[PDB]
């Protein structure tokens, strides 16, 4: 934590609510939701654009009291019209910036945005699911401002969903109705709301795109894997993540007890007693203590979060994940909608912050055994097979006699993003109706325009395109500024929102109408492809073989003798 970005974060807090005020108009509007009417308000962007803004729409019953750790329940209608000109609070979480908990349990809301409430054409609807490891994030416009997308004639919807233990507690006992994935169930209920309500904002319920970055990307994929959402939407975009990323799910049924004990539970390990204690604890206490739940062994084996998406121990009405994500790929309805996937060109640069607090992590590259996929590794990671597997990884990333911080982050790009994408693509090809998947590689590097993640990762002054760097060209945030029409930043905003709107609209990301894309020929990946092709998005828009391919193949060779596990 740092006292300085504590003050000037809390200076642009003042000036993002004052800027918010100024950019509001007195033009208010009312729309008919399934649950009753809602009151919006037209707002302004620094590019003198304008959109109708509906924030605070509840899609679920506030999951408080006896509803805590439970699946969302559809909320309660209302005669008259609900206020929606202000946002609700975010899910309870730790503020990376201040170190203190903020947010509320009352957080199951979404926001709807569009430049025209009655177009005389039913528009494509884009649903954004934020990332944040399933433990942080919000749909607030200070991080996810719709200002750029509303230049396009679509309807943009940003959802929230329960985070951390309040979202992802999982208990084995079938009597307790806490199977897990409450946060994903929030997503599903929100999708259902959007399918049955977008029309009333000008959107075509037959043309809906779900997209997300990081945990939002894994969320999007879960929404494409689960049988709960069959047909709800028609295109998916996976931005730097998917459901079979190692960080994207965890078997956490045994950790509820640990959380309880950290919170001062007295008694033995019994799901009923543990749940009863947890049900009554303060929400801020659980969430703050979450950072202590993982054992040293779990951390060493690269378990990144204690609570997250999980394979549910018993099926119920609202079950979202009955089997392992890999197995769900086999019958996943979403394998048969237009899909786009991509990563930035230096993902693992995101880990500068964590490397600096723990430089000993670099020594892990001496053998790389800690990065061998856990399904393949032995528990102590001392088996000679494990050493061999780790040697393949080392050969892919360690470039001198001693590993460097950069070899580490390059490795991290693959462990956390490229290799799981490869596994998904290949697993998908063996269970797909044959609908195209397009790859992008975001490779546009700038420090003129940024987003708050750069502060967390302390990538201020560091070159390369980190994980989350691309958000900047998609969403307004409080650190953003009006950029010159002819700036490389402004042009990238146009290209990104353009490509994304084009893909949403048509299920094909190519458009001759996008600046820089004239000679692009964006072909999707085929099962027969030995080398992945992607649109490299830089100052130049360029189709290239994925540079990361050789390393991807090298990781793949760890499975030479365990092909069934790949």
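Residue numbers count along the first chain shown, from 1.
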{"query": "Residue range whose averaged C-alpha B-factor is higher in the record, 549 to 557 or 11 to 19", "finding": "11 to 19"}
{"query": "Selected stretch [higher average CA B-factor]: 136 to 144 or 111 to 119", "finding": "111 to 119"}
{"query": "Residue selected from 536, 508, 497, 519 by maximal Cα B factor", "finding": "519"}
{"query": "Top residue by Cα temperature factor, when 421, 369, 289, 85 are compared in the entry", "finding": "85"}
{"query": "Lowest, middle or highest third - CA B-factor, residue 466", "finding": "lowest"}
{"query": "Residue 361 - Cα temperature factor, lowest/middle/highest third of chain", "finding": "middle"}
{"query": "B-factor third for the C-alpha atom of residue 490 within its chain", "finding": "middle"}
{"query": "Chain-wide C-alpha B factor ranking for residue 460, given as lowest, middle or highest third", "finding": "highest"}
{"query": "Record-listed C-alpha B factor of residue 353: chain third", "finding": "highest"}
